[PDB]
Protein chains: 2
Amino acid sequence: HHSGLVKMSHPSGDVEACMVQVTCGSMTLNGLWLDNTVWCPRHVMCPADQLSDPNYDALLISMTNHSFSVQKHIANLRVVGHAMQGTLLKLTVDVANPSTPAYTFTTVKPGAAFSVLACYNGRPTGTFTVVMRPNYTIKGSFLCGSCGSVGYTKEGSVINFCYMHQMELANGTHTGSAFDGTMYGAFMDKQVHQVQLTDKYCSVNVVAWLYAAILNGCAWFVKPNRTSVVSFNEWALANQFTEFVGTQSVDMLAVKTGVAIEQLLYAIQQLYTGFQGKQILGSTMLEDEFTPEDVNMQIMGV
Amino acid sequence: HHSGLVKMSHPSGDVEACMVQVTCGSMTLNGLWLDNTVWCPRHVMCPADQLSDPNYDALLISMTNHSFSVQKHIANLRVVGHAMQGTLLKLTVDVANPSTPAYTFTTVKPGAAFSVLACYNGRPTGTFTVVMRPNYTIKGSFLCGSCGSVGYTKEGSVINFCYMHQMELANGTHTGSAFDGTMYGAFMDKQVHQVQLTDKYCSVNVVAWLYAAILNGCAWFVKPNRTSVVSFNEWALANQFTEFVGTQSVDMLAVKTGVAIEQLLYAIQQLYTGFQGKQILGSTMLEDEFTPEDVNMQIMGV
Ligand SMILES: *[C@@H](O)[C@H](C[C@@H]1CCNC1=O)NC(=O)[C@H](CC(C)C)NC(=O)OC[C@@H]1C[C@@H]1CCC
Ligand SMILES: *[C@@H](O)[C@H](C[C@@H]1CCNC1=O)NC(=O)[C@H](CC(C)C)NC(=O)OC[C@@H]1C[C@@H]1CCC
């Protein structure tokens, strides 16, 4: 049996039309062209002999406008202003992007899903979706040249940009910047190995996945037994789970299935000790990479 | 540790610009507008009281050109010709799509991956990737109104359309048409429960995933022991695996890792009996949803 769940990304065309290439004579990476601004990682300024401890303030002053070459392949855009905001550059260009979508900037929270457009040399090459992990990394797929690839959510026609790719950690996961220039987590945009915080299971997404199972007629793990949210969250802190915070999206799943949240918090406690050979939606481990909204949308059509 | 593998779709913008809505006064579904042609499922002609046993030949003759209303939301396209090819309609329209990409039609083979653009009422809503299963179904995510959603691969700038969505089977999987109008597998485009063939593990993709593990420093399952392709394929037939056929993509992985294909065919035989508590890339079961090409591209940058 198939659950009807896939890793679903937004259609990428609106964002594809915003991707450019940015070069300072060192690395070439990607930028995001909205209105008269091009956003890109500030380490485009860094020579390779300084990637481990750049002085970005001095690099910024050493640049002039025409130090930045911005090109669109899928135009040449003349840079007429430059500024640094945290770990990002804000380049002002002479031409407004005629395909600028309606957009906002937002920060994505752990457990929430977003779509990534992986680009190299200004050329979109693939799209995928990830959830922001509790330790502010993502389990992505990025190679040399991908920095400046962007992540986003979409509300109606409005694209909410939330991520600009910066680096890969030694454990293969990834992190980047929000468009206020902050790195997600405690990470720095310097080529040195960094403290990595412990990851956790995202409890609300595990609950969503158990609801997805019920919605597929798979409910062997449901018992009348219940664990309260407060009791579950005390347990969570000692067992590598995030604290559970319910939402309207989760409540819709409880209403549709007739199964209470607290029944699934009990189920999680028991399943975490082991599935005892049984499977849920073809898996022998808890799944936390699907959100309540994924389940509402993909299965219930909401 | 994260493998660096995600479910990666092509960027969808080129195909988004080809999607339209098609209505006959009964259901509304999606069509694909290339040059002066709109392709769509032929059950757009079917009234709901006949979805279980349509006479499509008589339905086709009962239609005239202006019976078909074709609309683009993301134009009204006047239909000036109509024809049926297998399970698809080929509508000729008065305007050539100015955003027609370079394209071909192809049939996708079991184990191969392709990108899907899920659409409703002519509006793209998400994208995902699937592998064609050995029983000619896909494990997709489709709801009422999604028929006419398209699947494709991409070679350079050329989009190879391979799938037009038609139906969901009782086990939650999906199937559809190639653009020669044939349904994948033995399926018919009639709303009746149908014989479903047994699925199998795609051996070449399991081998690719074991190579992905090695490429991530995870090689506990590699032994000098070897099983030949011919011996493995005899075993495969009795154990719910496809017969293995090597390719240049797999050979590149063997060269990069120094691990022979036959070592991994032996590994699969042993792992299929059980992982004995150990995990591979965070999984306790064999993974066959990633192709040799996925691994070459996402991990090796080829
Ligand atoms: C984009 O420039 C690039 C994206 C990385 C490359 C490989 N996979 C990625 O996601 N980013 C970088 O190369 C980083 C530049 C610094 C200055 C922010 N560095 C980086 O990601 O280093 C990764 C290697 C694993 C070790 C960690 C740092 C010692
Ligand atoms: C598009 O029109 C639609 C797509 C289905 C709807 C629900 N999920 C899908 O993928 N296709 C249909 O409704 C099919 C039309 C026939 C005439 C080809 N029918 C169909 O998919 O029926 C599905 C229900 C599960 C039972 C199987 C048939 C008895």
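Lettering follows sequence order; numbering is per chain, from 1. Atoms within a ligand are numbered from 1 in the order they appear, just like the ligands themselves.
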key: Any N/O pair A:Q166/ligand 1 closer than 3.5 Å   = yes
key: CE-OG distance between B:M45 and B:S67, expressed to the nearest 0.5 angstrom   = 10.0 Å
request  = For B:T107, enumerate each residue passing the side-chain hydrogen bond (donor to acceptor under 3.5 Å, both in side chains) test, keeping only those at least two apart in sequence or located in another chain.
outcome  = none
Region of A:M167 engaging ligand 1 - heavy atom pairs below 4.0 Å = both
query = Counting from 1, what ligand 1 atoms have a heavy atom of A:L51 closer than 4.0 Å?
reply = 17 (C)
inquiry  = Using side-chain heavy atoms (C-beta onward) and a distance below 4.5 Å, is B:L32 in contact with B:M19?
reply    = yes
task = With the side chain counted from C-beta on, respond yes when A:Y163 and A:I138 share a heavy-atom pair under 4.5 Å apart, and no when they do not.
result = yes
ask   = Of the choices A:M188, A:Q194, A:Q191, A:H193, which has the non-hydrogen atom that lies closest to atom 13 (O) of ligand 1?
value = A:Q191
remark   = Here the atoms of ligand 1 under 4.0 Å from any heavy atom belonging to A:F142 are 8 (N), 10 (O)
query = Stepwise, does the side chain to side chain donor-acceptor pair (under 3.5 Å) test hold for A:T28 with A:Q21?
reply = CA-CA 7 Å; A:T28 282; A:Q21 176 192 284; 4.7 Å; no
query = Which of the atoms of ligand 1 are close to A:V192, meaning less than 4.0 Å from one of its heavy atoms?
reply = 28 (C), 29 (C)
ask   = When you look for heavy atoms under 4.0 Å from ligand 1, do you find them on the side chain of A:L29, its backbone, both, or neither?
value = neither
task = Mark up the atoms of ligand 1 that fall under 4.0 Å of a heavy atom belonging to A:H174, in ascending order.
result = 10 (O)
inquiry  = Quick check: B:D189 and ligand 2, any N/O pair under 3.5 Å apart?
reply    = no
request  = Look only at interatomic distance and state if B:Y56 has a nitrogen or oxygen under 3.5 Å from any nitrogen or oxygen of ligand 2.
outcome  = no
query = Between the candidates B:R42, B:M183, B:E168, which shows the shortest non-hydrogen contact distance to atom 9 (C) of ligand 2?
reply = B:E168
ask   = Are B:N216 and B:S3 close enough that a side-chain donor and a side-chain acceptor fall under 3.5 Å?
value = no
query = atom 1 (C) of ligand 2: which of B:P41, B:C46, B:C147, B:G145 has the nearest heavy atom?
reply = B:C147
query = Would you call A:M167 and A:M183 a side-chain contact if the rule is heavy atoms closer than 4.5 Å?
reply = yes
ask   = Looking only at atom types and distance, does a side-chain atom of B:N296 sit under 3.5 Å from a main-chain N or O of B:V302, one as donor and one as acceptor?
value = no
Residue list, ring pair (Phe, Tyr, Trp, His ring centres under 6.0 Å) with A:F128, at least two apart or on another chain = A:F142
request  = Say whether A:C144 and ligand 1 are in contact under the criterion: heavy-atom distance to a ligand atom below 4.0 Å.
outcome  = yes
